[PDB]
$ cat start_5.pdb   # PDB, C-alpha atoms and all ligand atoms
ATOM      1  CA  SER F   5      93.531 129.658  74.114
ATOM      2  CA  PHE F   6      97.366 129.407  74.358
ATOM      3  CA  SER F   7      98.390 129.034  78.001
ATOM      4  CA  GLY F   8     101.603 128.864  80.004
ATOM      5  CA  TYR F   9     103.779 130.690  77.465
ATOM      6  CA  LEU F  10     106.683 132.868  78.503
ATOM      7  CA  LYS F  11     106.663 136.303  76.803
ATOM      8  CA  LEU F  12     109.969 137.079  75.036
ATOM      9  CA  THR F  13     108.878 140.211  73.043
ATOM     10  CA  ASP F  14     105.734 142.159  72.137
ATOM     11  CA  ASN F  15     104.747 139.341  69.703
ATOM     12  CA  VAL F  16     106.905 136.250  70.438
ATOM     13  CA  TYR F  17     106.030 133.719  73.156
ATOM     14  CA  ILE F  18     107.725 130.410  74.063
ATOM     15  CA  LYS F  19     106.915 127.193  75.943
ATOM     16  CA  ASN F  20     108.593 123.804  76.601
ATOM     17  CA  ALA F  21     105.987 121.608  74.899
ATOM     18  CA  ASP F  22     105.418 119.024  72.231
ATOM     19  CA  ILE F  23     103.895 120.953  69.289
ATOM     20  CA  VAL F  24     101.667 117.937  68.450
ATOM     21  CA  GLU F  25     100.195 117.898  71.956
ATOM     22  CA  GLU F  26      99.864 121.682  71.937
ATOM     23  CA  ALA F  27      98.040 121.605  68.576
ATOM     24  CA  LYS F  28      95.673 118.849  69.790
ATOM     25  CA  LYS F  29      94.806 120.861  72.875
ATOM     26  CA  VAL F  30      94.544 124.362  71.393
ATOM     27  CA  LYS F  31      93.355 123.566  67.829
ATOM     28  CA  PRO F  32      94.954 126.831  66.555
ATOM     29  CA  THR F  33      94.067 128.539  63.318
ATOM     30  CA  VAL F  34      97.566 127.801  62.017
ATOM     31  CA  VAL F  35     100.162 125.232  63.033
ATOM     32  CA  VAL F  36     103.583 125.554  61.305
ATOM     33  CA  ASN F  37     105.288 122.428  60.010
ATOM     34  CA  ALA F  38     109.100 122.244  59.657
ATOM     35  CA  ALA F  39     108.820 120.920  56.133
ATOM     36  CA  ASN F  40     111.282 119.947  53.406
ATOM     37  CA  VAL F  41     110.793 120.990  49.752
ATOM     38  CA  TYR F  42     109.242 117.626  48.840
ATOM     39  CA  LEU F  43     106.769 117.694  51.754
ATOM     40  CA  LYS F  44     108.112 114.251  52.812
ATOM     41  CA  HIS F  45     107.140 114.205  56.482
ATOM     42  CA  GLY F  46     109.447 111.451  57.739
ATOM     43  CA  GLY F  47     110.926 112.656  60.959
ATOM     44  CA  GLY F  48     111.358 115.550  63.323
ATOM     45  CA  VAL F  49     108.382 117.883  63.770
ATOM     46  CA  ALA F  50     107.034 116.913  60.298
ATOM     47  CA  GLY F  51     107.086 113.164  61.029
ATOM     48  CA  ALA F  52     105.348 113.773  64.380
ATOM     49  CA  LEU F  53     102.615 116.094  62.970
ATOM     50  CA  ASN F  54     101.968 113.703  60.089
ATOM     51  CA  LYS F  55     101.690 110.660  62.438
ATOM     52  CA  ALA F  56      99.126 112.594  64.522
ATOM     53  CA  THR F  57      97.015 113.028  61.344
ATOM     54  CA  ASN F  58      97.101 109.259  60.695
ATOM     55  CA  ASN F  59      99.141 110.015  57.477
ATOM     56  CA  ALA F  60      96.378 112.261  56.033
ATOM     57  CA  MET F  61      98.898 115.161  55.949
ATOM     58  CA  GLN F  62     101.270 113.061  53.774
ATOM     59  CA  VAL F  63      98.455 111.982  51.382
ATOM     60  CA  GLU F  64      97.392 115.616  50.933
ATOM     61  CA  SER F  65     101.031 116.707  50.564
ATOM     62  CA  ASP F  66     101.782 114.104  47.849
ATOM     63  CA  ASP F  67      98.779 115.370  45.842
ATOM     64  CA  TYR F  68     100.068 118.994  46.272
ATOM     65  CA  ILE F  69     103.576 118.042  45.054
ATOM     66  CA  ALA F  70     102.182 115.996  42.113
ATOM     67  CA  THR F  71     100.312 119.166  40.995
ATOM     68  CA  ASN F  72     102.772 121.970  41.879
ATOM     69  CA  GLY F  73     106.250 120.471  42.166
ATOM     70  CA  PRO F  74     108.518 121.114  45.142
ATOM     71  CA  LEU F  75     108.640 124.209  47.306
ATOM     72  CA  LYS F  76     111.691 126.495  47.391
ATOM     73  CA  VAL F  77     114.007 126.504  50.444
ATOM     74  CA  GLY F  78     112.706 129.581  52.331
ATOM     75  CA  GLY F  79     109.179 129.054  50.905
ATOM     76  CA  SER F  80     105.870 127.771  52.181
ATOM     77  CA  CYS F  81     102.426 126.516  51.263
ATOM     78  CA  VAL F  82      99.125 126.477  53.174
ATOM     79  CA  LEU F  83      97.400 123.096  53.420
ATOM     80  CA  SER F  84      94.773 121.599  55.766
ATOM     81  CA  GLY F  85      95.545 121.306  59.492
ATOM     82  CA  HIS F  86      93.468 118.071  59.630
ATOM     83  CA  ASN F  87      92.691 117.194  63.289
ATOM     84  CA  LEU F  88      95.423 119.562  64.617
ATOM     85  CA  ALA F  89      94.532 123.046  63.354
ATOM     86  CA  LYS F  90      92.385 124.823  60.749
ATOM     87  CA  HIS F  91      95.483 125.152  58.507
ATOM     88  CA  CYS F  92      99.040 123.873  58.394
ATOM     89  CA  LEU F  93     101.604 126.339  57.089
ATOM     90  CA  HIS F  94     104.411 124.102  55.683
ATOM     91  CA  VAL F  95     107.594 126.204  55.889
ATOM     92  CA  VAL F  96     110.980 125.149  54.533
ATOM     93  CA  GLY F  97     113.892 126.403  56.567
ATOM     94  CA  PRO F  98     117.405 125.662  55.257
ATOM     95  CA  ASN F  99     118.813 122.269  56.211
ATOM     96  CA  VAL F 100     122.468 122.986  57.089
ATOM     97  CA  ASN F 101     123.138 119.161  57.241
ATOM     98  CA  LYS F 102     122.131 118.872  53.594
ATOM     99  CA  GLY F 103     124.248 122.015  52.632
ATOM    100  CA  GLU F 104     121.656 124.823  52.393
ATOM    101  CA  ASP F 105     122.276 128.545  52.877
ATOM    102  CA  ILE F 106     121.538 129.696  56.464
ATOM    103  CA  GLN F 107     120.702 133.201  55.079
ATOM    104  CA  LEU F 108     117.456 131.613  53.831
ATOM    105  CA  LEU F 109     116.255 131.284  57.454
ATOM    106  CA  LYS F 110     115.085 134.912  57.503
ATOM    107  CA  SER F 111     113.123 134.273  54.248
ATOM    108  CA  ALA F 112     111.566 131.194  55.837
ATOM    109  CA  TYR F 113     110.339 133.159  58.895
ATOM    110  CA  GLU F 114     108.897 135.925  56.622
ATOM    111  CA  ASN F 115     106.194 133.404  55.664
ATOM    112  CA  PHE F 116     104.815 133.705  59.206
ATOM    113  CA  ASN F 117     103.917 137.375  58.576
ATOM    114  CA  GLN F 118     101.043 136.330  56.299
ATOM    115  CA  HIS F 119      99.144 134.923  59.378
ATOM    116  CA  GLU F 120      97.936 136.869  62.426
ATOM    117  CA  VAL F 121      98.705 134.119  64.925
ATOM    118  CA  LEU F 122     100.630 130.856  64.672
ATOM    119  CA  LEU F 123     101.707 127.868  66.755
ATOM    120  CA  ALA F 124     105.259 127.062  65.498
ATOM    121  CA  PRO F 125     108.524 125.234  66.038
ATOM    122  CA  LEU F 126     111.968 126.945  65.709
ATOM    123  CA  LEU F 127     112.867 126.693  62.040
ATOM    124  CA  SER F 128     116.013 124.861  60.921
ATOM    125  CA  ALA F 129     116.551 123.532  64.490
ATOM    126  CA  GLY F 130     116.870 119.814  65.419
ATOM    127  CA  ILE F 131     117.632 117.531  62.483
ATOM    128  CA  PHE F 132     117.895 120.546  60.135
ATOM    129  CA  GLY F 133     121.237 121.274  61.834
ATOM    130  CA  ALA F 134     121.162 125.017  62.562
ATOM    131  CA  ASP F 135     121.915 126.715  65.896
ATOM    132  CA  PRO F 136     118.529 127.079  67.693
ATOM    133  CA  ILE F 137     119.764 130.233  69.531
ATOM    134  CA  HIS F 138     120.343 131.826  66.108
ATOM    135  CA  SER F 139     116.921 130.574  64.896
ATOM    136  CA  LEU F 140     115.133 132.259  67.853
ATOM    137  CA  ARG F 141     117.004 135.517  67.184
ATOM    138  CA  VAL F 142     116.020 135.515  63.489
ATOM    139  CA  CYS F 143     112.412 134.696  64.553
ATOM    140  CA  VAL F 144     112.129 137.651  66.957
ATOM    141  CA  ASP F 145     113.852 140.011  64.431
ATOM    142  CA  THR F 146     111.711 138.915  61.466
ATOM    143  CA  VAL F 147     108.207 137.867  62.562
ATOM    144  CA  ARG F 148     105.770 140.759  63.351
ATOM    145  CA  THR F 149     102.633 138.641  63.862
ATOM    146  CA  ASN F 150     101.843 136.668  67.044
ATOM    147  CA  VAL F 151     103.957 133.536  67.249
ATOM    148  CA  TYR F 152     103.690 130.869  69.967
ATOM    149  CA  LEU F 153     106.887 128.765  69.857
ATOM    150  CA  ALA F 154     106.779 125.213  71.176
ATOM    151  CA  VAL F 155     110.257 123.851  72.041
ATOM    152  CA  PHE F 156     110.264 120.110  72.566
ATOM    153  CA  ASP F 157     113.607 119.704  74.317
ATOM    154  CA  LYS F 158     113.566 120.914  77.979
ATOM    155  CA  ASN F 159     117.307 121.495  78.100
ATOM    156  CA  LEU F 160     117.224 123.564  74.884
ATOM    157  CA  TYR F 161     114.210 125.508  76.207
ATOM    158  CA  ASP F 162     116.116 126.419  79.389
ATOM    159  CA  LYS F 163     119.168 127.458  77.366
ATOM    160  CA  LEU F 164     117.062 129.577  74.936
ATOM    161  CA  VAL F 165     115.340 131.508  77.762
ATOM    162  CA  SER F 166     118.516 132.062  79.830
ATOM    163  CA  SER F 167     120.581 133.262  76.857
ATOM    164  CA  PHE F 168     117.855 135.462  75.230
TER
HETATM  165  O1  LIG F 201     113.543 121.368  70.943
HETATM  166  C1  LIG F 201     113.091 121.964  69.842
HETATM  167  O2  LIG F 201     111.929 122.185  69.646
HETATM  168  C2  LIG F 201     114.067 121.903  68.731
HETATM  169  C3  LIG F 201     114.015 120.414  68.637
HETATM  170  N1  LIG F 201     113.270 119.962  67.470
HETATM  171  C4  LIG F 201     113.245 118.700  67.054
HETATM  172  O3  LIG F 201     114.214 118.216  66.496
HETATM  173  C5  LIG F 201     111.920 117.972  67.085
HETATM  174  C6  LIG F 201     111.881 116.643  66.672
HETATM  175  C7  LIG F 201     110.711 115.919  66.821
HETATM  176  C8  LIG F 201     109.616 116.584  67.343
HETATM  177  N2  LIG F 201     108.331 116.159  67.581
HETATM  178  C9  LIG F 201     107.589 117.215  68.038
HETATM  179  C10 LIG F 201     108.359 118.335  68.103
HETATM  180  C11 LIG F 201     109.669 117.943  67.680
HETATM  181  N3  LIG F 201     110.839 118.618  67.560
HETATM  182  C12 LIG F 201     115.343 119.762  69.002
HETATM  183  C13 LIG F 201     115.221 118.645  69.806
HETATM  184  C14 LIG F 201     116.290 118.152  70.531
HETATM  185  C15 LIG F 201     117.507 118.783  70.457
HETATM  186 BR1  LIG F 201     118.947 118.125  71.521
HETATM  187  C16 LIG F 201     117.670 119.911  69.662
HETATM  188  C17 LIG F 201     116.585 120.388  68.935
END
$ encode --input "start_5.pdb" --output "structure tokens" --more "lines below"
Ligand SMILES: O=C(O)C[C@@H](NC(=O)c1ccc2[nH]ccc2n1)c1ccc(Br)cc1
Amino acid sequence: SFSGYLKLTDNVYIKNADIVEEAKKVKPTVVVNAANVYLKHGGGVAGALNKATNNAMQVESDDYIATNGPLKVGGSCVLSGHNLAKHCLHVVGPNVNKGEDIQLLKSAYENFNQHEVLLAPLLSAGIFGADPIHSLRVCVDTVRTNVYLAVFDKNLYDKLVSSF
């Protein structure tokens, strides 16, 4: 049901699209959220996915944190996808703006290997402060399952394809 993606490798595909709109259209088995360790979905991809769920993602996430405590940087948890997907895989890439180790980006993408197919954003990109060209390279060199990357910014999308 994914359509219009450009094939980068055997298993990695990419499209200039809003991941919220893509999830509403496709209703994938798994949508990846660019989460923080507290599952506080304020802004970026997380704020946008949460708003699309009418804040149900944040209510579920606060119950998960109250029970389990925070995730690790490089870690993940599987929660409901609400109206966007069957499941949401909340993955914590390092936030370089907040001082986290960029080597944890490969650990973050390893979480995707537990799922056969995913709709995802580039981890640690945008407000997380990392170089998106580097994030795409770690993605293609780490993930073995089928990943459909949605890149919101048109100019970044064009740069990512032309420099790949
Ligand atoms: O373009 C990408 O997908 C990376 C992107 N991410 C966001 O910050 C980002 C933020 C909010 C969003 N809502 C749905 C999606 C989404 N994404 C980013 C945007 C612009 C620049 Br300039 C650099 C990076």
$ residues_near_ligand --input "start_5.pdb" --ligand "ligand LIG 201 (chain F)" --cutoff "9 Å" --atoms "only C-alpha atoms and all ligand atoms" --output "count of residues only"
34
$ closest_residue --input "start_5.pdb" --among "F:94, F:31, F:44, F:110" --to "residue F:82" --atoms "all atoms listed in the file"
F:94
$ resolve_selection --input "start_5.pdb" --expression "the PyMOL selection byres (((chain F and resi 69) around 12) and not hetatm)" --output "VMD selection string"
chain F and resid 40 to 44 62 to 68 70 to 76 81 83
$ closest_residue --input "start_5.pdb" --among "F:88, F:106, F:123, F:39" --to "residue F:138" --atoms "only C-alpha atoms"
F:106
$ atom_distance --input "start_5.pdb" --atom1 "atom CA of residue F:11" --atom2 "atom CA of residue F:118"
21.3 Å
$ atom_distance --input "start_5.pdb" --atom1 "atom CA of residue F:144" --atom2 "atom CA of residue F:98"
17.6 Å
$ closest_residue --input "start_5.pdb" --among "F:137, F:95, F:109, F:142" --to "residue F:37" --atoms "only C-alpha atoms"
F:95
$ closest_residue --input "start_5.pdb" --among "F:32, F:46, F:97, F:140" --to "residue F:17" --atoms "all atoms listed in the file"
F:140
$ axis_aligned_box --input "start_5.pdb" --around "stretch 141-160 of chain F" --padding-each-side "8 Å" --output "AutoDock Vina command-line options"
--center_x 109.6 --center_y 130.2 --center_z 69.8 --size_x 31.5 --size_y 37.1 --size_z 32.6
$ atom_distance --input "start_5.pdb" --atom1 "atom CA of residue F:152" --atom2 "atom CA of residue F:121"
7.8 Å
$ closest_residue --input "start_5.pdb" --among "F:8, F:104, F:58, F:120" --to "residue F:34" --atoms "only C-alpha atoms"
F:120
